[PDB]
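>>> The data below comprise the sequence and an experimental structure of the protein.
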Amino acid sequence: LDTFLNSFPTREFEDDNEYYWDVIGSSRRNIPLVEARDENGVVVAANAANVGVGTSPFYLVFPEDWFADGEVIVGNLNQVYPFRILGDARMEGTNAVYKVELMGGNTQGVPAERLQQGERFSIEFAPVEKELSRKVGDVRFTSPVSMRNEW
Amino acid sequence: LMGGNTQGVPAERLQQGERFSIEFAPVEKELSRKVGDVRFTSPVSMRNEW
Amino acid sequence: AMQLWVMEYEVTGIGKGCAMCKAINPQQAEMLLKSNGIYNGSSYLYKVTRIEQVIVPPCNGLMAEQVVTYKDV
Amino acid sequence: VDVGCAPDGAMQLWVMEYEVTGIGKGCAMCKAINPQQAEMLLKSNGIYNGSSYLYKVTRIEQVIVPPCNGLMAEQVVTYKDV
Amino acid sequence: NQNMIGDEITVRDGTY
Amino acid sequence: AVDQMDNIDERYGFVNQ
Amino acid sequence: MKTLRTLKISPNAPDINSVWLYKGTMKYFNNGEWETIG
Amino acid sequence: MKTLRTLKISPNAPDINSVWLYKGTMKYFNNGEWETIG
Amino acid sequence: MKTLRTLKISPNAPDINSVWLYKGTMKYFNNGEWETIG
Amino acid sequence: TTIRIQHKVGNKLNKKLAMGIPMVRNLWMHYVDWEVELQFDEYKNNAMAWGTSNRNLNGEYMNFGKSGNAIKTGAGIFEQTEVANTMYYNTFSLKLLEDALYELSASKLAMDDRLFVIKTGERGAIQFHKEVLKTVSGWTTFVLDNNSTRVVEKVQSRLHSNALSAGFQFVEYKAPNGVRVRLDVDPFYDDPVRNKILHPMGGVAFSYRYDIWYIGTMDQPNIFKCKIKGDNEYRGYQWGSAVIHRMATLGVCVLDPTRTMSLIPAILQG
Amino acid sequence: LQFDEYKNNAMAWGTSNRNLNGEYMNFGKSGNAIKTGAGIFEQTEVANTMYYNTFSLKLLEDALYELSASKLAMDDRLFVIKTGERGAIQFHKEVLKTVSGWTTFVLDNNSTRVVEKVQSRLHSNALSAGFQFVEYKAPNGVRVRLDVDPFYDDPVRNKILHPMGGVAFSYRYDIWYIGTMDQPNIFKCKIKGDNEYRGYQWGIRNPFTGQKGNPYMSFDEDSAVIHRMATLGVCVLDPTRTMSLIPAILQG
Amino acid sequence: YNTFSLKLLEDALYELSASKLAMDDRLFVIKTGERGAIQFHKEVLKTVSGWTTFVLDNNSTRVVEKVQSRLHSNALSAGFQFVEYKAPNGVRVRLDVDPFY
Amino acid sequence: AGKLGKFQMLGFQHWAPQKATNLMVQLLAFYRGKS
Ligand SMILES: [Mg+2]
Ligand SMILES: [Mg+2]
């Protein structure tokens, strides 16, 4: 038992109180969908038609203001249906709804199956013009929690 | 019962033949009083003839 | 973020399963399985057969059990 | 979280894998005060509690309740494992 | 009051 | 410093103060 | 076509390139199923 | 004294030094013909 | 769990670790005796 | 294509924060100049590899920005190489793989120039391993022994004089007429953030994507990153409010997309 | 000797006596609370909990591959298992079941050398026999190796026996180090400048220090009492860098 | 014992050696007679014959040797004996037959 | 063929003693972002 405990080094402490150490995770995250509404505000059910049929605006409601002014986010199928966010988040209480148009040359719209609750969404990038561009995008951070032990 | 135990020890863990060994003797930090003790052993012998 | 829900289900053609979620209603516990489970791209295969809430005061009890046998395959 | 359960006051949730010898494999979800008690609830209240010697439990793992919503644990027993 | 310093741990079994 | 398995390090973005 | 070089005595099912022997019933894995010989 | 080592799954008869398995009938080469076990 | 890698055609019992093929029978060693399939 | 970022800021966090809570049993100061450089380097990485074009066949761009001018976007790595040789499978086989790679090599490649380095994820390597092993297990002509393959070798151990080890993995497959298929793992297929549909055998269903870059020898690069000479990256601080603005223009070119074959799972389609 | 045994058993085998409500319920002889912290073997079981009756190698490899999939490098996936002697035989039979399911390959004696030739007076061709599987190499860089420790097989502290012979603690597998952390994961805590206490309470003579005559007496009795004291702890920073696999007859 | 088995002697010598001896100290030289060597030989033949997870080729064992004879060009001999057994965790067994037995 | 939850990522809006180590700890029960 002492041969096992001699293979561990020794860090000396200043006091005999409990001690902490801060553990961290990543800053890159995907956010679930809550619901998606079309241009008139009625939610896109599963038994519905396509939503962005003419590069038309629609809405994506998320449980957190995680996305930004001009970013292209993608659903569970990445790069098949790019979603360019139009404007800042309108906060419906804690929820954040973004006006969203389809970006990747899409002229038939996103399916109604691809706009349901639970589908995770992820930031790709924020594109602008070549001429007279204005500010888009934002930066995300992360915070550590602590663990504990005593003597 | 140490360890944070709230709901006790079961009764079948306290029967005849249950073996008990010494871990250590933990004390309070302020105004602790003496605990623990020290134990000794002794050998044997054997014998032969012609 | 209210209650715990233990689900027994059946992936159609693939096998049987067991799962546990944290949701406010059992309509969301099926939502958190079909969207976050391992059959994420074929979520139509999940056939949830039993949902029951994890209430404590027994403190010692089975919640789900489901055997795949040699004559089910 | 201090509901008065046996292991130091808290409720403990477990996931069990086993293989019923001659029959197949299966999953289980069980609240139990010990992982020894979780495998005794298979042999007492299981589907094969009559012939309870068939249970060969290969995993008993604890599930920790998260701070908020989400899928906690999952265990599929596929037809190609069997 | 033979307090082993450390940070503050106070021993109490009689005078030493 | 990116790890050999392409994983980024999150501890470089902080300042100890 | 498919050659099997082992015969396995087990209550459980063996690997699919083996013969399942259990107490008097012989099985073998053909077309995705354990096929009873008898 | 004749040691057969491989079992073969084939819809028609294999060599005489191998066991013939098809659909549930085990056949092997005994007394000059394929003898079904059952 | 128990691999029987050989099969032997003989009127005498070959070995514990081989399969005993006599006219229309396939016996193997199980539980201390010869168990016939079919 | 043109990329832009901003952040309203100094070293301290702002409103987009997220904490990571682990599940264990009994349950600093942000350098803002290192996060606006890392997460704008990743805006350029996502525009390069995972970008999409918004033009008609009339030459018309489809999306207009805040200034009324059209947002001009060009395709990326993964869209330009997915215009030829791309296959969407529901089950992985060497029967589909060795037939796709032979007909392309019989019509385009000499026999010595038929080496195919599959780039895939980590779980794509264990799926390729079990599909060669299923193919090898149907080679009932040849008796595979431990003498040549050495799946069970002899390691030195204190516990026994003759102590063994066990394990193997198929990393290469050699097809008739000189078609050789190798396998290496890129770690970026196993991204938990970007890849969100999961596979029932473990992973994120994008590690099961096989990509043959570099079909043949071209005497020049086929895929490269376009760049403007000088310094095409811009930076600006808008003190009121203190907003850091960054802008960068970029591009990716694939000259011959027919020299790139992709095997994507069909659950990532449509 | 007994004080050093108190120091080792507290560091290795410690349980935190803090309640769920953040209170201490064990009160000392003065009436103040006895505050203890977790040991080595309590801090290490909070993340990679695992219990079993039947050992499965497939479950061991598919739990060391799901946390080391794309986090550890391909050359950073050697997992040394510290266990007992009877955990090495349970590991040996489970790898032996694995390589007997590999019916694609033929394990010939010409390479495994399970039956060796030895020189003996009994025969012109005399043979030897014996083998042990001590390593399994999982796909994609994961290697699993045993390290039998006599710490596990200790029959004094370990009283629950196993039905397959020996103590049940021999059948416990612990992978203490998974990958490289950039810092020590497991270490032993001490206070700086804290010398462990040693005091004597004696009357007219001290048998311990051999001193006859006392200027400052403790009591009037002919005695000497030695008091020794130590404050000590351990720390495991990342318990997800450590996997455990315990027999469930130890009851958690 | 009434009948000898390797399951008896390997367990008699492993519970002894796991309790009392180190790893590198488990060499057991068994003193016996000529009939006890054949009784030893039949049990480690019966244990190795159950190891059907390994194919035991004649290239390593050489139980059938190629000898020189007047009768045939490819002439053969046949015969072997098992005189040792190596149990796990370091336990070896060596026979030492004694004419006094 | 099943997962178990080992972490959960929450926003902050949905929410000194001595230090054992000075530099922070990345747990293996956390995904990390890929370049
Ligand atoms: Mg292409
Ligand atoms: Mg741990």
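Looks like it came in fine. Residues are numbered from 1 along each chain as shown, chains lettered A, B, ... in the order given. Ligands and ions are numbered 1, 2, ... in the order given.

>>> May I have the phi/psi pair for the closest residue to chain A within chain G?
Nearest residue of chain G to chain A (Cβ to the nearest Cβ) works out as residue G:32 at 30.9 Å. Yep, even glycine has a C-beta here, placed from its N, CA and C like the rest. Note on residue G:32: backbone dihedrals following degrees, to the nearest 10 are phi 80, psi 10.

>>> cool, and residue K:202?
phi -140, psi 160.

>>> Please apply the same query to residue A:22.
phi -90, psi 120.

>>> For chain E, which residues are neighbours of chain K?
Contact residues, chain E versus chain K (Cβ under 8 Å from any Cβ of the partner chain): E:2, E:4, E:5, E:6, E:7, E:9, E:11, E:12, E:13, E:14, E:15, E:16.

>>> Now, of those residues, which are buried?
Buried members of the residues of chain E next to chain K, scored by 16 or more other Cβ atoms under 10 Å in any protein chain shown, are E:4, E:6, E:7, E:9, E:11, E:13.

>>> Look up how far residue E:3 lies from the last one.
Okay, so that is residue E:13. In this view, residue E:13 and residue E:3 are 12 Å apart by Cβ to Cβ, to the nearest Å.

>>> returning to that earlier point: so which of the residues of chain E next to chain K would count as near chain L as well?
Counting by Cβ under 8 Å from any Cβ, no member of those reaches chain L.

>>> So which of those is the closest to residue M:30?
residue E:7 (33.8 Å; Cβ to Cβ).

>>> what residues are up against that closest one?
Contact analysis of residue E:7 by Cβ atoms under 8 Å, 6 or more residues apart in numbering or on different chains lists A:14, A:15, A:16, A:17, K:191, K:194.

>>> just checking, residue J:136 touches residue J:143?
No. Contact between residue J:136 and residue J:143 fails when scored by Cβ atoms under 8 Å: they sit 11.7 Å apart.

>>> and chain C, which residues reach chain M?
So far as Cβ under 8 Å from any Cβ goes, chain C lies against chain M at C:17, C:18, C:38.

>>> Counting neighbours, which of these comes out on top?
With neighbours taken as other Cβ atoms under 10 Å in any protein chain shown, the top of these is residue C:17, carrying 29 neighbours.

>>> How about stretch A:106-116 and chain D, touching?
No. On the criterion Cβ under 8 Å from any Cβ, stretch A:106-116 is out of touch with chain D, staying 15.9 Å away.

>>> What separation is there between residue C:33 and chain J?
Note on residue C:33: its distance to chain J, by Cβ to the nearest Cβ, to the nearest Å, is 12 Å.

>>> Remind me which helix or strand that residue belongs to.
In the assignment (DSSP states H and E), residue C:33 maps to helix C:26-34.

>>> try residue A:59
In the assignment (DSSP H and E), residue A:59 maps to strand A:58-62.

>>> That strand and chain M in contact?
No. Shown here: strand A:58-62 not in contact with chain M (Cβ under 8 Å from any Cβ), separated by at least 10.7 Å.

>>> roughly how far apart are the most centrally placed residue in chain F and residue K:182?
The centroid of chain F falls nearest to residue F:9 when counting by Cα atoms, centre = their mean (2.0 Å). Distance, residue F:9 to residue K:182, by Cβ to Cβ: 10 Å.

>>> cool, residue J:191 as well?
23 Å.

>>> okay, those two: which has more neighbours?
Between residue J:191 and residue K:182, counting by other Cβ under 10 Å, residue J:191 is the more crowded of the two (23 against 10).

>>> looking at it, that one is touching residue J:207, isn't it?
No. With contact defined as Cβ under 8 Å, residue J:191 does not reach residue J:207; the gap is 9.2 Å.

>>> residue contacts, residue J:201?
Going by Cβ under 8 Å, 6+ apart, the list of residues near residue J:201 reads J:123, J:127, M:1.

>>> So which of those belong to helices?
Among those, the members falling in helices (DSSP state H) are J:123, J:127.

>>> which one among the contacts of residue J:201 gets closest to residue M:35?
Nearest member of those to residue M:35, counting by Cβ to Cβ, is residue J:123, at 19.4 Å.

>>> ranges for the helices of the chain?
All of this refers to chain A. Under DSSP H, chain A gives helices at A:2-5.

>>> Sorry, I should have been clearer: chain K.
Remark: helices assigned in chain K by DSSP H are K:2-12, K:40-43, K:57-64, K:85-99, K:109-112.

>>> Which residue ranges of chain A form strands?
Along chain A, counting by DSSP state E, strands occupy A:10-13, A:19-24, A:31-32, A:35-37, A:58-62, A:72-74, A:82-92, A:95-102, A:120-125, A:145-149.

>>> any idea which of those is most buried?
Highest mean neighbour count of the strands of chain A: strand A:72-74, a mean of 26 (counted as mean count of other Cβ atoms under 10 Å in any protein chain shown).

>>> what about that strand, near chain M?
No. Shown here: strand A:72-74 not in contact with chain M (Cβ under 8 Å from any Cβ), separated by at least 15.9 Å.

>>> Does that strand reach chain C?
No. Against chain C, strand A:72-74 shows no contacts by Cβ under 8 Å from any Cβ, the least distance being 15.1 Å.

>>> now for that strand, which elements pack on it?
strand A:82-92, strand A:120-125 (3 or more Cβ pairs under 8 Å, 6 or more residues apart in numbering or on different chains; DSSP states H and E).

>>> got the residues of chain E next to chain K as JSON lines, with distance to residue K:9 and secondary structure columns?
Below are these laid out as JSON lines (distance: Cβ to Cβ, whole Å; DSSP: H, G, I helix; E, B strand; the rest coil):
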{"residue": "E:2", "distance to residue K:9": "26", "secondary structure": "coil"}
{"residue": "E:4", "distance to residue K:9": "21", "secondary structure": "coil"}
{"residue": "E:5", "distance to residue K:9": "25", "secondary structure": "coil"}
{"residue": "E:6", "distance to residue K:9": "21", "secondary structure": "coil"}
{"residue": "E:7", "distance to residue K:9": "24", "secondary structure": "coil"}
{"residue": "E:9", "distance to residue K:9": "20", "secondary structure": "coil"}
{"residue": "E:11", "distance to residue K:9": "22", "secondary structure": "strand"}
{"residue": "E:12", "distance to residue K:9": "25", "secondary structure": "coil"}
{"residue": "E:13", "distance to residue K:9": "23", "secondary structure": "coil"}
{"residue": "E:14", "distance to residue K:9": "28", "secondary structure": "coil"}
{"residue": "E:15", "distance to residue K:9": "31", "secondary structure": "coil"}
{"residue": "E:16", "distance to residue K:9": "27", "secondary structure": "coil"}
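
>>> Excluding chain neighbours, what is closest to residue 23?
Went with chain A since none was named. residue M:25 (4.5 Å; Cβ to Cβ, 6 or more residues apart in numbering or on different chains).

>>> nope, chain J please
residue D:64 (3.9 Å).

>>> give me every residue that touches that neighbour.
Contacts of residue D:64 (Cβ under 8 Å, 6+ apart): J:23, J:24, J:25, J:27, M:5.

>>> which of the residues you listed count as buried?
Taking 16+ other Cβ under 10 Å as the criterion, what is buried in the contacts of residue D:64 is J:23, J:24, M:5.

>>> now, which of these sits nearest chain L?
Once Cβ to the nearest Cβ is applied, the member of these that ends up nearest chain L is residue J:24, at 35.3 Å.

>>> show me the residues around that closest one that make contact.
A:147, D:64, K:46, K:47, K:239.

>>> ok, now residue A:70?
A:84, A:85, A:126, A:127, A:128, A:136, A:137, J:4, J:65, J:66.
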